[PDB]
Amino acid sequence: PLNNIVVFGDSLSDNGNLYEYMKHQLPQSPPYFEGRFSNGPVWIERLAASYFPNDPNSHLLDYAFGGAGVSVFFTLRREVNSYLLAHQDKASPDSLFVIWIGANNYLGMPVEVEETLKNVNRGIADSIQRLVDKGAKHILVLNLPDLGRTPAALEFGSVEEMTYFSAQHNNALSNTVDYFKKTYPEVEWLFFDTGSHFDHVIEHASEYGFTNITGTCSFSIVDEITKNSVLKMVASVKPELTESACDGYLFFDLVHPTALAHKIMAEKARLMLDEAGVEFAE
């Protein structure tokens, strides 16, 4: 069986890491929920909650930093380095490693399309190799949702570029994970097709509880130069203008999903791992 969960990610998986370093000033909470980039617990928190009730945060090693991505506030290599530094360079064999990364590199809307796609997928593949080289036996990799459906892309006309990033990224990542499966069959390889799961929720938004998928719960204002990052967008949130009732919103801010969308993600991920035969105890 497996003892704990180690998640490498960005603002979509951070459980308050940047919030602490920022001295509780970013993300401003409220309207954000205690440093999460949403109005509730993030998906990986709920998933660990379902496995270790009454004390999940003693089984969750969350190294995800807000604004993190592939070499950007923080790099995946450094999240992994942080774990390896604090474990004598040994990846625990009874730990589940989670890598959900890339969204922050693409949402920044860089100038080099293909080179960014290239360096993001190369950075992830490198991270899986390092973890596998240090003894990781259970690795979960998640692909990206259709970023063209974020209010950011819908406001700045980048639906084409963001959807293109999501599809091409998910295709390369699929081939990357297929390589590591045809190379390390001794390692349990787990995959989550976020792209398809989020498209199904979108096409059935009302059935999942959402009444609005284009607007935002909070409110923010950004401009050309400064707007070129997720963290500046989060820093430009106006707490006084955030809606009090956001039941129904799919997006809490210009890119981050609301608390309900994190719960749906965690429940689907739990069922997928239950389908795969992954057991947690101790």
Side-chain angles (χ1 to χ4, degrees), residues 7 9-49 56-57 60 62 64-69 72-74 100 103-104 106-109 144-147 149-156 158 162 194 198 201-202 205-206 208-223 229-239 241-267:
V7 54
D10 54 19
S11 57
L12 289 172
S13 301
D14 187 1
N15 70 332
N17 288 314
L18 191 69
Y19 191 64
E20 290 297 333
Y21 180 67
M22 290 290 190
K23 298 94 185 69
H24 291 35
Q25 285 167 16
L26 188 152
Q28 225 189 319
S29 306
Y32 288 89
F33 176 78
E34 312 196 307
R36 285 66 166 178
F37 292 78
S38 187
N39 61 323
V42 295
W43 74 286
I44 188 58
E45 290 177 303
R46 289 196 136 99
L47 182 63
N57 296 334
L60 175 61
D62 190 330
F65 250 134
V72 179
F73 169 87
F74 211 65
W100 194 16
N104 205 96
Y106 302 118
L107 286 169
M109 317 205 174
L144 299 178
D146 184 1
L147 291 184
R149 298 211 158 264
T150 58
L154 266 185
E155 284 192 356
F156 310 148
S158 300
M162 294 304 95
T194 318
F198 184 73
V201 173
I202 274 284
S206 298
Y208 283 97
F210 303 98
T211 62
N212 169 274
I213 67 175
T214 295
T216 62
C217 175
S218 71
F219 186 65
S220 54
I221 317 172
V222 263
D223 41 339
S229 66
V230 164
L231 287 183
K232 248 295 165 197
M233 176 275 125
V234 164
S236 52
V237 162
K238 305 306 188 303
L241 304 186
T242 291
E243 302 301 313
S244 301
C246 290
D247 314 68
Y249 270 110
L250 173 57
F251 284 93
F252 177 83
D253 66 19
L254 273 178
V255 301
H256 295 123
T258 64
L260 176 50
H262 277 281
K263 174 160 68 144
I264 298 160
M265 173 107 179
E267 292 184 322

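Nothing fancy with the numbering, it's 1 onward along the sequence. The basis for the numbers below is simple: all heavy atoms, side chains too, and nothing from hydrogens, waters or symmetry mates.
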Look up atom [atom1] in [X] and atom [atom2] in [Y], then write down how far apart they are to the nearest 0.5 Å.
X	Y	atom1	atom2	value
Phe37	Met233	CZ	CE	10.5 Å
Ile202	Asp146	CD1	CG	8.5 Å
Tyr208	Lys263	OH	NZ	13.0 Å
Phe219	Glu243	CZ	CD	10.0 Å
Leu47	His262	CG	NE2	13.0 Å

Restricting to non-hydrogen atoms, name the atom on [X] and the atom on [Y] that form the minimum distance, rounded to 0.1 Å.
X	Y	result
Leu12	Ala103	CD1-CB, 4.3 Å
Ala48	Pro56	O-CB, 3.5 Å
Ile213	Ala205	CG2-CB, 3.7 Å
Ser236	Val222	OG-CG1, 3.2 Å
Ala259	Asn39	N-OD1, 2.7 Å
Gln28	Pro239	OE1-CG, 2.9 Å

Examine distances only and state if a side-chain atom of [X] and a backbone atom of [Y] form a donor-acceptor pair shorter than 3.5 Å.
X	Y	result
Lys232	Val230	no
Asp14	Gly66	yes
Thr214	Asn212	no

Review item, side-chain donor-acceptor pairs of residues 247-258, under 3.5 Å, at least two apart:
unit_1 : atom_1 : unit_2 : atom_2 : d
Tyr249 : OH     : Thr216 : O      : 3.4
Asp253 : OD1    : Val255 : N      : 2.9
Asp253 : OD1    : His256 : N      : 2.5
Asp253 : OD1    : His256 : ND1    : 3.1
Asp253 : OD2    : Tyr32  : OH     : 2.7
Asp253 : OD2    : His256 : ND1    : 2.6
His256 : NE2    : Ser11  : OG     : 2.7
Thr258 : OG1    : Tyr249 : O      : 2.8

Does CZ belonging to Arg46 count more than 12 external heavy atoms closer than 6.0 Å?
->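 Counting neighbours around CZ of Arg46, more than 12 heavy atoms of other residues, nucleotides or ligands fall under 6.0 Å, so yes.
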Using 30° and 60° as the class limits, which term best fits the ring planes of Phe73 and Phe65: parallel, tilted or perpendicular?
->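 The rings of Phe73 and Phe65 stand perpendicular, inter-plane angle above 60°.
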Heavy atoms, side chains only, cut-off 4.5 Å: are [X] and [Y] in contact?
X	Y	answer
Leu18	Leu231	yes
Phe33	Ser38	no
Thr194	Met265	yes
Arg36	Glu45	yes
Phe74	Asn17	no

Residues two or more places apart in sequence or in another chain: which of them pass ring-ring contact (aromatic ring centres under 6.0 Å, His included) with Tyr19?
->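 Checked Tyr19 against ring-ring contact (aromatic ring centres under 6.0 Å, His included); matches are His24.
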Given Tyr106 and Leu144, is the side chain to side chain contact (heavy atoms under 4.5 Å, CB included) satisfied, shown in steps?
-> CA-CA 10 Å; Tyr106 302 118; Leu144 299 178; 3.5 Å; yes
